[PDB]
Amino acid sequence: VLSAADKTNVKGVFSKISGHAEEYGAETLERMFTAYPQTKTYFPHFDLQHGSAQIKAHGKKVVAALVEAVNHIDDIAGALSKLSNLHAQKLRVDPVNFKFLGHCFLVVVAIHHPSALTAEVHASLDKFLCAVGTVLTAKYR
């Protein structure tokens, strides 16, 4: 459960990455598609080549949704209710994939903003990503 401490840490780090939503979002998806190839099966319609406009556009949308969740961090389930039906009902994304994506995300911030990803922030950020994952699979969990 997200504490006052976690809410603060998460907002802290997201201030630093809000500026590069597209960039970080694209890198996150590429590292995901590369280290966990099985995830590519959800994007048969996408051009999965490194640098593709589709991945940059989608990566952008993904981080935006994350930002939206930070701002309504007290009721993440309500802020993302539409994404929840999409992922759980329509897309049927296997819940294990949300951890892959979340992990790749932590990796890109570790790479671009190491000093900000302290042990404690890492923990807060891990709780947050797990919360989002729970909500987007919420329908069938």
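Residue positions are given as counts along the sequence shown, with the first one as 1.
*Asks:* Look over 129 to 137 and 16 to 24 in the entry and identify the one with the greater average Cα temperature factor.
*Replies:* Averaged over C-alpha atoms, the B-factors run higher in 16 to 24.
*Asks:* Would you mind comparing 56 to 64 and 36 to 44 for me and telling me which has the higher average C-alpha temperature factor in the entry?
*Replies:* Comparing averages over the C-alpha atoms only gives 56 to 64.
*Asks:* Please work out which residue in 102, 95, 51, 114 has the highest C-alpha B-factor recorded for this crystal structure.
*Replies:* Answer for 102, 95, 51, 114: 51, with the highest C-alpha B-factor.
*Asks:* Can you work out whether the C-alpha temperature factor of residue 31 puts it in the lowest, middle or highest third of the chain?
*Replies:* It belongs to the lowest third of the chain when residues are ordered by C-alpha B-factor.
*Asks:* Hey, what third does residue 107 fall into on Cα B-factor, ranked over its chain?
*Replies:* As the PDB entry reports it, the C-alpha B-factor of residue 107 lands in the lowest third of its chain.
*Asks:* For residue 76, does the deposited CA B-factor place it in the lowest, middle or highest third of the chain?
*Replies:* For residue 76, whose C-alpha B-factor we compare with every modelled residue in the chain, the answer is the middle third.
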